[PDB]
Amino acid sequence: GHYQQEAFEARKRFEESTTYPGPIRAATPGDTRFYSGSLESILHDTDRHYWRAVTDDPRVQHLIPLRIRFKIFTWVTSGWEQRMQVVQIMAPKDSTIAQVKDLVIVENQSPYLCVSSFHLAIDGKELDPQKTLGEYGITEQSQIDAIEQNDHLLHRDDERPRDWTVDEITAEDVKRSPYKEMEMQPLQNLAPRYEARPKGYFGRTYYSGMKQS
Amino acid sequence: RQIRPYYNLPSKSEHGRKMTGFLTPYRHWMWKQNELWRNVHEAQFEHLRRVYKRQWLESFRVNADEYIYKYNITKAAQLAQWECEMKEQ
Amino acid sequence: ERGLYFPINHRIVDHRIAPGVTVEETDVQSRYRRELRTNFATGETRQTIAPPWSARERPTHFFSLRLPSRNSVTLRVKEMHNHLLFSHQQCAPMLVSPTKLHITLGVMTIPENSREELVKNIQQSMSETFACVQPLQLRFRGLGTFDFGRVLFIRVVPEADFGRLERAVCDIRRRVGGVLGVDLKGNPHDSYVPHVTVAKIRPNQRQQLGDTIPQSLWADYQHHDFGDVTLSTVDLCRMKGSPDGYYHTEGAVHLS
Amino acid sequence: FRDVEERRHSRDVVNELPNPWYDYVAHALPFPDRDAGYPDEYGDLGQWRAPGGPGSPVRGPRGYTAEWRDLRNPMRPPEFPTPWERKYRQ
Amino acid sequence: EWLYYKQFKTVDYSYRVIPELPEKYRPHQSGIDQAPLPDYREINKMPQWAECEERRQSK
Amino acid sequence: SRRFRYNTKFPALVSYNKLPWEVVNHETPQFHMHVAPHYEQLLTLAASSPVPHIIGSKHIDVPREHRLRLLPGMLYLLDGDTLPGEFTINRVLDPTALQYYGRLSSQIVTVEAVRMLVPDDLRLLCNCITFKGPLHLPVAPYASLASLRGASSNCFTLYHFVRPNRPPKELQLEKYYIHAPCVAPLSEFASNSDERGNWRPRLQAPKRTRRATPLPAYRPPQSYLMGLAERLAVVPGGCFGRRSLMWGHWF
Amino acid sequence: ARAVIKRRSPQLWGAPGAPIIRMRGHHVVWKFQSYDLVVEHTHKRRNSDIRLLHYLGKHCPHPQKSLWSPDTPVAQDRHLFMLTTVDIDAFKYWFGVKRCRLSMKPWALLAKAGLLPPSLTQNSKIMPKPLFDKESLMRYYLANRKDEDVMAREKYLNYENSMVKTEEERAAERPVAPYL
Amino acid sequence: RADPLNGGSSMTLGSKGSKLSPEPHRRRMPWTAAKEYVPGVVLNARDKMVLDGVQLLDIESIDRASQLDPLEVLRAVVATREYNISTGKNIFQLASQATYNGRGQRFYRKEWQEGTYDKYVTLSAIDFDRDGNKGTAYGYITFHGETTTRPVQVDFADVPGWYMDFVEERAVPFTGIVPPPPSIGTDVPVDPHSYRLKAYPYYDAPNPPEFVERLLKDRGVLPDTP
Amino acid sequence: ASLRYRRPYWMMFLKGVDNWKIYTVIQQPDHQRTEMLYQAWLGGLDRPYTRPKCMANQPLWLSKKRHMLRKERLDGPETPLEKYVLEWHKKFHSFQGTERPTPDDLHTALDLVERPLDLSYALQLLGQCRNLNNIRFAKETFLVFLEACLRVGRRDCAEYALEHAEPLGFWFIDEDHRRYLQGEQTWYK
RNA sequence: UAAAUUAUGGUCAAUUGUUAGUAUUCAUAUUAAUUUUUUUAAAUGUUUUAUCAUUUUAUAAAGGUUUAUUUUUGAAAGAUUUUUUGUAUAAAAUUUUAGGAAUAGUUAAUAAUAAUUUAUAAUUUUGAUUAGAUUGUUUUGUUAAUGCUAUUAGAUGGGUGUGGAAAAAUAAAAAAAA
Ligand SMILES: [Mg+2]
Ligand SMILES: [Mg+2]
Ligand SMILES: [Mg+2]
Ligand SMILES: [Mg+2]
Ligand SMILES: [Mg+2]
Ligand SMILES: [Mg+2]
């Protein structure tokens, strides 16, 4: 927006400076890990946990915190939901999209995400695994989605998982997959104990961006 | 509470409450009248709310500022005294 | 069950995301403790950073404390090399030859036209700075990285005559870059971090070798002790690997 | 209702008289303006001590100065000869 | 209203409907066995009106 | 209610209370529900001022390789009826789905046909909408649609490529909401028109000997009502408007 | 949001709710009974002090003879007295800035004091509640409606800033010769 | 929050309203949004006294001994139809009888046409599920000569309060596409003779005289003798 | 007065289910084997079984398999009509059906009447096509129904259909067909 | 290492036993209490709503805790429309028993790891952990007075985790959407 081009412009015009001595690192502090509060808060690299009234020299970011969004199927106890889960890496500035995929694959802790091969895409357009972030103008503000193999097959009832509400889960598939790990047959402590949302939550029509009545 | 009269639309159900609030157009009209009256009240009422808000803010401006006057003079006095004591030191 | 219910190390809020997001819209996962892992752990070091215009040009000459023969340093670095090559022989192009070991006290860009005037003047001012300083006994233990893990070096511990060094350096810094305007890669009002560069990855190499020296090599030597050394000799050098089996030397000063 | 009231309000003469309760807030601040009778650093009661003393916050601090000029020797006759009674000036 | 709700064990008299849990809440534990399998030919015997209308259909 | 600051409550990995991510399914009617009212705006824009990638010629051709890094998001208008190379054809005859094109068809070009096209691999999509006849909007000379024969051979088509089962974002229609005026009503007074002299001004309001005919006498409703719509927070019709103004609800 | 509602002491909207100004006292023999005007939350606990924002005052509901004043042949003044201590700055703060609520009996008090117009619940059952119709009201309104800017200026002085700067104090505050 | 009643004015609790805003007051419960509702209890409540003296059979009772005279069956059917309209007519009961399932016709519920309230629905399309009398009904709301831009699921289609009137003019075949009717301000130039506005944003109806009588005879202004 | 705070969250908007407190305690072992016995008592399964974790209702698939294992009545079909009636119940009463009858299938079904029994059947199916499924008839509908009233020689039902044609919903009756039951001839050919 | 005055200022400290050679706070005294007496409490049905549902209504049951108990605004307050912000869960001090010994799902680093990650780990005689007693840091009584001697009550784990916050299963005396 405004900030992005204001700051970009500032950087560009600061690099074209003929006469500059350079900063004095005695006067340019880092950040603290020691501050009041229980929680550990991670901030921007231009921001600090103390009050610094003076504006620091624009620096170029050598690690860009990319976000990569996946579709996930959550078990909500009335059936399946499809919602969004982000992975966040720190990708070196000049890195190749191939290498970004690799970073992503190493940084997800959910067993339900990276199972098959996937392609990174911005606004639906696939990206070259061959080229740099520099060419595609990826600023960390950019919206980057992630498209799996079977994802265009989801409109069917096959690839989309089958919930024990409406479908048989058989001795075939009780020993395999999320179905196994879930423990459908109720135990005393009630099993993994997932989140539940009831049937009448959204009314008769499910959640939409457009008001349907 | 919300008053449910006897001539409200009766519900015939054994599984729930005996009378649903639904109105004879008369009752609705009546309600509108009484409501208008009360509106006449709360107009003045919350008018007085924002009056007192500005009153209090203003009096705060004046008194707090006077306090900064006096206090700053104090603070300056103490600071003078201290650096004097350090010359002496 | 083997510890705290929510381990305190796992409690992390990301404020670089957004106010409404993580409550409702989506949840963001990351391994957040790679980023939090600190300057002591990674082995990073904050060197005086160059202004952009100075950042563009290559350095030409540097100041160096010359290491004598029969060092503890050179010996132990040789042992370190052997150990490293036996572990991984991919290091072989990274490693600096034990003959080229020197301490780097500061780095500098000299234009080729005014060259003679500047070497004369520098050498003179340098001789004036160190006239009163007697030899320096410094301690070397620990490793650190410059340039995002591309340059791997031996630290100079401020436990010893190092103090004097810092004044000494900070004098030439204010002469060489302050007095006669010369490009020191940093600000002349700031002090350079003295170091012994051990392994390095140059721009040409970076394609076959990789973008960062993997920390698995030097992890175990990260805090290793290379010992004490006394230094009587200061040099101003132009960078050529060929001529003596050592860097081509444009000037010298004896500390005595 | 509002307008009728404003009318017959402004019509009567016993309005246009300031009402201390209706008009302002005397003191907005949570703390008092001057010291009232609360125990001292020694724990003594308000009645036991008078403010303005040694416990009170400190007041702080070649040629001739402007304080030199105004001053005058009592041997010389002053400015306008105010008839002081001799006894008082003793 | 209130008398209707009172039959429920609601602790606060809340106009909510809260059932109980009897010892036998389901048929098999109350002793009842299945449901008797209907004899099919017995209920496929044509009704009276149908035969009488066969009698006025053949005339 | 406002959205809260951060989630410190539940582990992130499990993600807990999350509004479901909305996905647009091309098999169903709902798809069109999203895409249609966009199209109309789009066409409206095309009727007034030029937009670069809207009008194009002779379809498009790309390799199998670069197919998905080029196509998705693409929207362009062609003169004739020709269906894209390598697409299985699905006719949209189902009435519900059709229904959403109502506004676009009555107050813009009449819709002759709708087509859902799916490729061999099934991973792409094309929404193909064939209009018949001239627009019921006026078209300007310097506008994009003025470069087309189908408007102003009376059939022409809109082609929209997209990926299936994606959120109703990455079908890109929102870049098109640029608003340019229809200059048709003022074209009458331009130096170009010869009917500009048949115009005469009303500067002064005419002298009125009458009052507005009083509205029909009010019949109070006879049935049971749900109570004040004010106190129930119902907008005046349950339709639109502010809850402070209760106009047009029963009283 | 309690599973089993505490049945006897219900309230709107959960806890602790809005700040409200209440009148309360421990119950005793009528002869000695006093009340307290208290700003406090909507949901009280066992002891009223846990949620107590401020203490607005004592109120004694016993008509008193005034023995403090000298016995006065003026008729009015020898009516009995009713004694109440209002803290009016915390009142104007809590009510004005913090936007309080009000129970009815405190409202009646604050009305007798001239802080608030009399309550909704004070009824001379002599008069009825009024009637209304839009077009008669409209005729009265078309008859008298003040000018736009006069009214805007009213709303300005009442709600926004009151103290303003007349020409003279401007002219008095602007810097003189050596910096002018 | 978003849109209060009389601004914030707190002088009573009821002073706010029976809801604070149209929007859901907790974000975790969406359905609490302010709608316009209908008395479901009464308007379902179908009369079982029309089913008296009938002998209904059942769906899966097909048996030869089970069923009855064709005459009996006929009067049973008539009593069942009489059972279903026993309150009012459901939309899918109106639409199945009209040509083309009543596409284009204007479905108004009773109360929408009386008082200053004026509203109806131009039906876009219909789905019958296996059961009639239930289903999904889409269309365009028209409120005081103002019309919706896109179709919407018609709410409370299943509640039997609905009336409509069959006009051949509005009928559309399943081939074409139901057009949204014109909003009288914009697409059709406004005219007084064809359409006059019942009530507008600042208007409200004058007082009916007998309500006034009742209220005064209540509050005890106008006397009332037994 | 909602049960929000009385029962587990997932039980929200739970209506019509019998004694719902049941489904709160099903995890406890005794309640659970009680359920095993219940399901077995309901039958239709080869194995010991229990309904899934938080589910109050039975699964869709299970009640479907209960419904399709439940033997239909009428095991003796004689007339083509009774065959077509059992098929009618197979197609259009199938558990959770989308599909709905067409007036033409009612024609086909009304053309197979022979004995009065069959007239009763087809008339009940017609009762289902009016009241249950809400289907509009055509012109020829009352022609078919009339001739089928005539085949079994019961004309009472025809005139009963005439005196009120609105509840049965015959929207078109050719006036001559009225005449036939109202006292006038010249109907066929 | 000198006195002081423009003279009582800055607002009250004041102790009461008739004993029995002598040494030592010890019977009978007063004040405060228990012995001691029905003049301050109270009864059940919480309540709306769109109907078998869904909105409103969050700290008095017991268990015995001495290195111990700590927190937000997303609810309401709350004002105009839609996005809109950051601040919080952490600590420090005070801790009883006449005769006194070891304690343990265990520390710290790594990290959204490890029922077998790594390490020369953590608590204790400056009194720990078990065990006994006991409701924690403005409340009383006695007294001229540094003391001695009281202070109630109230937060008791998890197991479809709702809710802004668990404080959620009789026991109000809190007007709970006309
Ligand atoms: Mg308790
Ligand atoms: Mg203990
Ligand atoms: Mg402590
Ligand atoms: Mg603590
Ligand atoms: Mg709010
Ligand atoms: Mg428990």
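Cut-offs used in this document
Residues numbered from 1 in each chain as written, not as in the entry; some residues may be left out. Chains lettered and ligands numbered in written order. Part of a larger assembly, values for the part shown. Heavy atoms only, no water. Helix = DSSP H or I, 4+ residues; strand = E, 2+ residues; numbered from the N terminus. Rg over C-alpha atoms; globule rule 2.2 N^0.38 Å. Buried < 20%, exposed > 50% of the residue type's maximum accessible area, 1.4 Å probe, protein only. Contact = heavy atoms within 4.5 Å. Salt bridge = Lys/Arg side-chain N within 4 Å of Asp/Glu carboxyl O. Polar contact = N/O pair within 3.5 Å; in protein donor to acceptor, adjacent residues only side chain to side chain. Nonpolar A, V, L, I, M, F, W, Y, C, P; charged D, E, K, R; others polar. Near = heavy atom within 4 Å. Arc of directions from axis to C-beta. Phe/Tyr/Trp six-rings, centres within 6.5 Å; stacked < 30°, edge-to-face > 60°.

Asker: Would you mind going over the overall build of chain I with me for this structure?
Answerer: Across its full length, chain I holds nine helices and zero strands. Tracing chain I from N to C terminus, the helices and strands come up as α-α-α-α-α-α-α-α-α. In terms of overall size, chain I is more extended than a compact globule, its C-alpha atoms giving a radius of gyration of 24 Å where 189 residues would be expected to give roughly 16 Å. For chain I, the spread of C-alpha atoms along the principal axes amounts to about 75 × 45 × 25 Å. Expressed as a percentage of its 189 residues, the buried residues of chain I come to 50%.

Asker: Sorry, what's going on with the interface of chain F and chain H here?
Answerer: Where interface size is quoted, it is often the accessible area lost as the parts come together. At the interface, 45 residues of chain F touch 60 residues of chain H. The tally of links between chain F and chain H comes to one salt bridge. We note a salt bridge from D3 of chain H to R242 of chain F, for which the minimum N-O separation is 2.8 Å. Counting every contact that joins chain F to chain H gives 19 residue pairs in polar contact. Elements that contribute at least two residues to the side of chain F that touches chain H include exactly α3 (95–98) and α4 (102–107) of chain F. When residues in the side of chain F that touches chain H are grouped by element, the largest group, five residues, is from α4 of chain F. The residue inventory of the side of chain F that touches chain H, partitioned by class, reads 21 nonpolar, 15 polar and nine charged.

Asker: Looking at this structure, how should I read the protein's contact with RNA strand J?
Answerer: The local shell around RNA strand J holds 138 residues, among which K9 of chain F, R1 and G17 of chain H together with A1 and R4 of chain I are the closest. Taking the atoms of RNA strand J that fall within 4 Å of the protein, sugar and phosphate contribute 54% of them. For RNA strand J, a phosphate oxygen lies 2.9 Å from a polar atom in the backbone of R1 of chain B. Taking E1 of chain C, its main chain carries an N or O atom lying 2.9 Å from a sugar or linking oxygen of RNA strand J. Only α1 (25–88) of chain B, β2 (26–29) of chain C, β1 (20–24) of chain G together with α1 (40–44) of chain H provide two or more residues apiece to the surface near RNA strand J.

Asker: In this structure, what is going on with helix α4 (residues 209–219) of chain H? I would like to understand it.
Answerer: Turn by turn, an α-helix covers 3.6 residues, leaving residues three or four places apart pointing in a common direction. Listed in full, the buried residues belonging to α4 of chain H are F211, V212, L215 and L216 of chain H. Across the axial projection of α4 of chain H, the buried residues extend over an arc of 125°, all falling on one side. Of the residues in α4 of chain H, the exposed ones pointing more than 90 degrees away from the buried face are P209 and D218 of chain H. The inward-facing, buried residues of α4 of chain H abut α1 of chain B. Immediately beyond the C-terminal end of α4 of chain H, within one or two residues, lies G220 of chain H, with a positive phi of roughly 90°.

Asker: So what exactly am I meant to see when it comes to the packing of aromatic side chains here?
Answerer: For any two aromatic rings, the description comes down to two numbers: the centre-to-centre distance and the angle of the planes. Summed over all chains, the structure comprises 58 aromatic pairs over all chains. Note on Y76 of chain F and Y159 of chain F: the rings are 5.8 Å apart at their centroids and 75° apart in plane angle, and the pair reads as edge-to-face. Across the pair, exposure class does not vary: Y76 of chain F and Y159 of chain F are buried alike. Measuring from ring centre to ring centre gives 5.6 Å for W250 of chain F and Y117 of chain H, while their planes differ by 45°; the resulting arrangement is tilted.

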